[PDB]
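1. this block holds the first chain(s) of the complex, placed as they are in the complex; more will follow:
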Amino acid sequence: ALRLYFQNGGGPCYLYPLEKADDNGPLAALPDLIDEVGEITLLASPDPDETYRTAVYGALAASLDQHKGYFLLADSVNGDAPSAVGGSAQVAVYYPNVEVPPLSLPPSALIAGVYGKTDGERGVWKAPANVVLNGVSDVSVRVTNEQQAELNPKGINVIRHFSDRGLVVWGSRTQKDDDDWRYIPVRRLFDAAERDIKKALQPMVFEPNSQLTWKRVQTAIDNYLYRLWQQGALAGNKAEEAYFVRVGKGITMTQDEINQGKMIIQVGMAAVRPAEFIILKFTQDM
Amino acid sequence: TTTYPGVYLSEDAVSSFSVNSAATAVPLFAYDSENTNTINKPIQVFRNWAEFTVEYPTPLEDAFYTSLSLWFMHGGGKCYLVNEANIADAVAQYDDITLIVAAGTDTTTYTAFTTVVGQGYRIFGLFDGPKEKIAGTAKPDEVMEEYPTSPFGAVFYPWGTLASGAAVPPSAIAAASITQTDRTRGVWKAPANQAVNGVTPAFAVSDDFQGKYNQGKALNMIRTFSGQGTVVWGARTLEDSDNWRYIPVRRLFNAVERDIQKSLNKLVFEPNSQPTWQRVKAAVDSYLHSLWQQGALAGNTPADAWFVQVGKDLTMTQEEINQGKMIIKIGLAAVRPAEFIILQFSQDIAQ
Amino acid sequence: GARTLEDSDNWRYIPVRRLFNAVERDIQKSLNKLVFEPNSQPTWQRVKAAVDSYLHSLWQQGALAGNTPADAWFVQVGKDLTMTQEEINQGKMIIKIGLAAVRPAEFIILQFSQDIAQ
Amino acid sequence: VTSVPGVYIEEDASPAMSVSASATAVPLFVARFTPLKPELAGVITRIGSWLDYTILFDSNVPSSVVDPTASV
């Protein structure tokens, strides 16, 4: 599963060797070891056993709603979510097991590869859903349109086979059915922007909590959000329609909140949504 | 079994056929569920005649063997033997099928043909006529009631009497004149007057007989003439409408609508914006201009042969952009064939 | 006969063993003039372009099986590809070279049919 | 009814119509227009294109010797 990861776009690739499933000792100590390392973004446990992943997905479900920026790549078993992570916006399920010359692998090791390929070539605001999977030959189940039509209004994200292209990842939805966090590239744009703003403002911690510092923090966010807009990440036409940064004492704070040593910043963005339906509507009248 | 490095002299040599395939003719040959000499594998893929005889080595005399052996001896590329029960799922899974060929099959391919047409899979069915002699006092309404009233099908009555004594289903005669036409003339030209070799029509058919069976549901005779031996004689579909008569103009749009979506599936999950809509309509104008200049489209200028249209007040609204939709409308004119030739004669003696 | 003393998929056929003996000796005669150069990234680029220049001439005279240069050979050298930094410090320079050879024909089967007066 | 993220095909569409932009000729056609949803029965509605007419108003309106001519 790691050789198919580096064939599809490699990375620094942290590993956690976990031998058997039912040892609840190392699985309870797992979310505390992830926070000690600074730079994990994806989870994506690549194991063919079904009860092995359920013990992993249940141990990692409490760390996904803690604003830490992780993103789980779960795997369906027979066409549904694995129910440890039901409807959180941090989870992308991928259904068909993928066969290698024939052992069948869960597709999370390959999809974690094609995220790094897509983000390096197109950015995190691009939907990672037209990448042809290198390595592998054929999926275990050839999925029709009619069963994807009952799966794609959930986040199931079927690996499809096209005869001219090969194996194409086909679907870019999360588990959240909200209009805001429906798509993967909208969700991972906000997770990546919050991660890079956080790395930029940590030099401004333990500064004097004055109005001079609040403008140094506002400009450091405004310089970051401007160079996302001018490379196509944000959906705007004026750069006042793309984003805003607000900080002040009458605005976003009260004097009792400065005295307890905190500054409060309101940042907003506007992302663009992908085109996933194309209707052709032919005729021969003119 | 090769042991020494020399030359081996084997004398159990059999026939062989070179593949001369067309990309727009990948058929599905349906074999019967209650057939004894087929492999229990329900869906099986045959790229050539050599892969077909390593799984069916002895020459059988059944409907599926004489359909496929008549397929591969007229070119023919990859094709599918699918059981009658799995015809609606083999089209939905294998992405490549353009033809549903009922190789001696009734009432189960018909109800699974009308399933995948309502699901919209851009296929064309080739059905069979009666294996018995149609009388002449039989009526074209009571004989043509087994068949769907969809424009994606044709019927082809007269069965074959292959030179080894076997009987060829007349869908296989029709599918072997589609391979030879989709190379030499294209998918927009009629599969009719191309002659198929090695077969013979079982019954002699008159043209007074075909006149009853032409309008309405279109039986589509298989007739032999002196010179052009055993052509298929007729190119009409199972509905008699101004649009979707004539097997050429249905199979032309099936090839257009499949080559456009193979080109536009590489633009899915792009951002639904005005720069992407311009890239769609220039990928269709570039496909249809090449198709116009090789004779597929009727028009003496590009404005009379096709149009592509996409906008924000033209084809789709802003409340419909927000659902991820991208409506393109494409109209294009096809070339209708000639079907009737009237020779008006005058003479006068010594003048 | 042209077979060697083992019957394996790689090292059957006296041609494809003696081809690699000639490849591996003409490459080391070319790379012995690069020994005691500084073990740095400019030297690794000079190694892999001296092998690509040898194998491209060998491809275009029929020695290598492939209808494109990407199917006939590859040369690979890096710092996370073929060798590690703890292995640079020992003076080592690992190059990996894969190349496809042309296997001969060994058996010819003449399949005969006839029929009298037909 | 679009649920599969592929490409859909329809075959009996009508050709769309283009609209221009002008500020000196904005008319008010008073005719026998038949609405679909009946809240816009006695008020004035803006119809920015022909696509806006087909959604708000009934554009077919089958005849009965009288013939509907407001959509034509």
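-> Looks like it arrived, so ask away. Numbers count the residues shown, from 1 in each chain, chains lettered A, B, ... in the order given.

2. check contacts around residue B:128.
-> Residue B:128 sits next to B:102, B:104, B:105, B:106, B:155, B:156, B:159, B:169, B:170, B:171 when contact means CB atoms under 8 Å, 6 or more residues apart in numbering or on different chains. To be clear about C-beta, it is placed using only N, CA and C from the backbone, and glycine gets the same treatment.

3. from chain A, how far off is it?
-> 27 Å (CB to the nearest CB, to the nearest Å).

4. which residue is nearest the centroid of chain A?
-> For chain A, the residue nearest the mean C-alpha position is residue A:188 (4.2 Å; CA atoms, centre = their mean).

5. sorry, back to before: cross the contacts of residue B:128 against strands and list the overlap.
-> residue B:102 (DSSP state E).

6. show me what the helix or strand residue A:53 falls within is packed against.
-> According to DSSP states H and E, residue A:53 maps onto helix A:50-59. Applying 3 or more CB pairs under 8 Å, 6 or more residues apart in numbering or on different chains; DSSP states H and E, one finds that helix A:50-59 contacts helix A:24-28, helix A:30-36, strand A:72-75.

7. can you tell me what sits against that helix?
-> So helix A:50-59 is contacted by A:18, A:21-22, A:24, A:27-28, A:30-31, A:45, A:47, A:72, A:74-75, A:77, A:82, A:84-85, A:106 (CB under 8 Å, 6+ apart).

8. before we move on, the earlier item: switch the contacts of residue B:128 over to a markdown table; also include distance to residue A:130 and neighbour count.
-> Conversion of those to a markdown table gives the following (distance: CB to CB, whole Å; neighbours: other CB atoms under 10 Å in any protein chain shown):
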| residue | distance to residue A:130 | neighbour count |
| --- | --- | --- |
| B:102 | 37 | 28 |
| B:104 | 42 | 25 |
| B:105 | 38 | 23 |
| B:106 | 42 | 15 |
| B:155 | 41 | 28 |
| B:156 | 41 | 25 |
| B:159 | 47 | 23 |
| B:169 | 41 | 27 |
| B:170 | 43 | 31 |
| B:171 | 38 | 30 |
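
9. can you map out the strands along the chain?
-> I went with chain A, as the question did not name one. Going by DSSP E, chain A shows strands at A:72-75, A:91-94, A:98-100, A:103-105, A:138-139, A:159-162, A:166-169, A:243-246, A:266-269, A:277-279, A:282-283.

10. wrong chain, I was asking about chain B
-> B:7-10, B:27-31, B:43-46, B:79-83, B:99-102, B:124-126, B:153-154, B:222-223, B:231-232, B:306-309, B:325-327, B:329-332.

11. extend the structure above with chain E:
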Amino acid sequence: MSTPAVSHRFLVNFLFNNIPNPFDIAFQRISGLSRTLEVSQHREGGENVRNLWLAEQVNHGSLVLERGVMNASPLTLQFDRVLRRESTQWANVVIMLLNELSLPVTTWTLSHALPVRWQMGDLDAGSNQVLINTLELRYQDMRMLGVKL
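-> Let me add chain E to what's already shown:
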């Protein structure tokens, strides 16, 4: 429509009966194979407006070959024997074009080709050119094969 065939890649195979191995030799300038049918016009008495062409005898052309003066091949040693009249052996020649991959798209397949003429290039003191020698064969029959006929 499929792309037409260009004319700068070609193999030539020779098979003599003196020589036990079939050999393959690279040339520069294969000339071109003609095949004429040699009709004759007849004039009838009462007919003044149409013509009448009567088929007689198929005439084949000649295979003219050009290559540089290089090391002695089994074919320039064989023209040396025939033009010294030490042998009168002739060969079956196979000429074939190659497409982008390696594949033979057309094949010409001459029969009983006889070496009849050697022609040496010019020796000139200011020339800047390879010494090209011209070879020429007369064959009996010709049979073109391939998919691009």
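
12. residue contacts, the residue nearest to the centre of chain A?
-> Here residue A:188 is in contact with A:71, A:124 (CB under 8 Å, 6+ apart).

13. on that earlier part again, show me how far the helix holding residue A:53 is from its chain's centre.
-> 19 Å (CA atoms, centre = their mean, to the nearest Å).

14. ok, stretch D:21-38 next?
-> 10 Å.

15. on that earlier part again, which parts of the helix holding residue A:53 are buried?
-> A:53, A:54, A:55, A:56, A:57, A:59 (16 or more other CB atoms under 10 Å in any protein chain shown).

16. which SS state does the residue lying closest to residue E:99 once chain neighbours are set aside fall under?
-> In this structure, residue E:99 finds its nearest non-sequential neighbour in residue E:105, 5.1 Å apart by CB to CB, 6 or more residues apart in numbering or on different chains. At residue E:105 the chain is in strand, as set by DSSP: H, G, I helix; E, B strand; the rest coil.

17. give me the neighbour count for residue E:105.
-> 16 (other CB atoms under 10 Å in any protein chain shown).

18. would you check that it makes contact with residue E:98?
-> Yes - if you go by CB atoms under 8 Å, residue E:105 and residue E:98 touch, sitting 7.2 Å apart.

19. and the residue lying farthest from the centre of chain E, what does it touch?
-> Within chain E, residue E:46 marks the point farthest from the mean C-alpha position, 45.0 Å out by CA atoms, centre = their mean. Counting by CB under 8 Å, 6+ apart, residue E:46 touches no other residue.

20. ok, residue B:204 to residue B:158 distance?
-> 9 Å (CB to CB, to the nearest Å).

21. between those two, tell me which one has more neighbours.
-> A direct count of neighbours by other CB under 10 Å for residue B:204 and residue B:158 places residue B:158 higher, at 27 against 9.

22. report the contact partners of the more buried one.
-> B:129, B:170, B:201, B:202, B:203, B:205, B:221, B:222, B:223.

23. surely the fourth one touches residue B:165?
-> No - in this structure residue B:202 lies outside contact range of residue B:165 using CB under 8 Å: 11.9 Å.

24. more neighbours: those two, which one.
-> Higher neighbour count among residue B:202 and residue B:165: residue B:202, with 17 against 7, using other CB under 10 Å.

25. so who does that one touch?
-> Counted by CB under 8 Å, 6+ apart, residue B:202 has contacts B:158, B:159, B:160, B:161, B:167.

26. include chain F too:
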Amino acid sequence: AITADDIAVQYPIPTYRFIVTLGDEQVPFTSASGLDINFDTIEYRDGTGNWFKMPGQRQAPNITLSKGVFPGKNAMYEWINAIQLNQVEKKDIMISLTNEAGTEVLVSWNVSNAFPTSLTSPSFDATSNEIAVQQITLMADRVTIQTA
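-> Let me put chain F in with the others:
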């Protein structure tokens, strides 16, 4: 008082903002030139003085695209390296004059079946403060303009 929504309809379009879609991808270029539509001409004169002038048949365009040399891979090189004697992946090129933000195409030129015939290296010069610029020349069969 001109209210720049009227500038987007009435004023002309400048040359410095453009995107080049080359096949299935966009590649950032610096220059782009040669997208002409050129015809031949046929004439005829007779002795009475009639002189007929006709358009001939149009000749093929030669497009020229230049961009800089970047530390990644050379995507213009792997399309001219893969010439096997007749064969080339022929691509269809769109060169679109775009607005500032990049979110609206103003007018575009469509090159239909282009294939590379030349690629020039940068000119190495030890006394120059310049960027390594390659240019590729392409040969096509038609150039169209869509105005939307």
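
27. picking up where we left off before, and the residue farthest from the centre of chain E, that one's in a helix?
-> No - read with three-state DSSP, residue E:46 is coil and lies in no helix.

28. chain B versus that one, what's the distance?
-> Residue E:46 is 23 Å from chain B, by CB to the nearest CB.

29. likewise residue A:195?
-> 22 Å.

30. swap in residue E:10?
-> 24 Å.

31. for residue A:190, same thing?
-> 16 Å.

32. tell me which residue lies farthest from the centre of the chain.
-> No chain specified, so I'll use chain A. Largest centroid distance in chain A under CA atoms, centre = their mean is residue A:286 at 46.6 Å.

33. hmm, no, I was thinking of chain F.
-> Distance to centre of chain F, CA atoms, centre = their mean, peaks at residue F:48 (45.6 Å).

34. give me the nearest residue to residue B:20, chain neighbours excluded.
-> residue B:75 (3.4 Å).

35. what are the phi and psi angles of that neighbour?
-> phi 80, psi -130 (degrees, to the nearest 10).

36. so who does it touch?
-> B:19, B:20, B:21, B:22, B:179, B:180, B:183.

37. hang on, the fifth one packs against residue B:74?
-> It refers to residue B:179. Yes - look at residue B:179 against residue B:74 with CB under 8 Å: they come within range, at 5.7 Å.

38. gap between residue E:31 and residue E:38?
-> Counting by CB to CB, the gap from residue E:31 to residue E:38 is 21 Å.

39. who in chain F is up against chain E?
-> F:84, F:85, F:86, F:87 (CB under 8 Å from any CB of the partner chain).

40. show me which of these neighbour chain D.
-> Within these, nothing lies near chain D by CB under 8 Å from any CB.

41. drop anything exposed from those.
-> Of the residues of chain F next to chain E, not one counts as buried by 16+ other CB under 10 Å.

42. between those residues, which is nearest chain D?
-> residue F:87 (29.3 Å; CB to the nearest CB).

43. do a quick rundown of the helices in the stretch 101-250 of chain A.
-> Taking DSSP state H, counting those that start in this stretch, the helices of the stretch 101-250 of chain A run over residues A:108-121, A:145-148, A:184-201, A:211-229.

44. do the last one and chain B meet?
-> No - using CB under 8 Å from any CB as the criterion, no contacts between helix A:211-229 and chain B are found, and the smallest distance is 14.1 Å.
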